[PDB]
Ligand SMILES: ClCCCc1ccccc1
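Have a look below at one chain only, the form solved without the named molecule, in structure tokens format.
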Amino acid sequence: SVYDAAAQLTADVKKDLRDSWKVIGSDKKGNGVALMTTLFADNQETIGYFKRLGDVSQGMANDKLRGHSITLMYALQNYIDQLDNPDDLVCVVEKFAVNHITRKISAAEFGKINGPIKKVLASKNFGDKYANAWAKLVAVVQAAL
């Protein structure tokens, strides 16, 4: 269950998640856009899903993409803030899951975000230990897809 996946996040994992988010979460517009552009660069097959955003090659200049990227970073902010209360983490995770279920995004496809997250983390010197911690949070969302 999603509850089982959340309830398993350990103190060491939450610690790594919070320490790293302190940095990558400080520049939501910059890191959010880089997050999306990297996804499009390494997984071109996903581009079609974001047709509403127009030409995503525009990057920062694309106001629709910029608005989306910033808002996505707040979804991650939401997750990070609910870490110490699985009950709340679960209800928010399930809320965003619906957003993706409606767009026919599978658990496997949603996991494609791990690559970009790993690279964004790396750009700030957060290694594999930190990439692994984030894959665990993403897995909580996958449990709901």
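Numbers follow the displayed sequence, beginning with 1.
Note that the form deposited with the named molecule bound isn't included here; everything after this is about it.
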Open item on the list: Residue-level contact is defined here as any heavy atom of the residue lying within 4.5 Å of the named molecule in the deposited bound form; does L83 satisfy this criterion?
Closed with: no
- [ ] Answer yes if any heavy atom of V90 is within 4.5 Å of a heavy atom of the named molecule in the deposited bound form; otherwise answer no.
- [x] no
- [ ] Considering only heavy atoms, tell me if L35 and the named molecule come within 4.5 Å of each other in the deposited bound form.
- [x] yes
Open item on the list: With the partner left out here, check for me: in the deposited bound form, does some heavy atom of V56 sit within 4.5 Å of the named molecule?
Closed with: no
TODO: Let me know which residues along 120-135 have a heavy atom within 4.5 Å of the named molecule in the deposited bound form, or say none if there are none.
DONE: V120, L121, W134
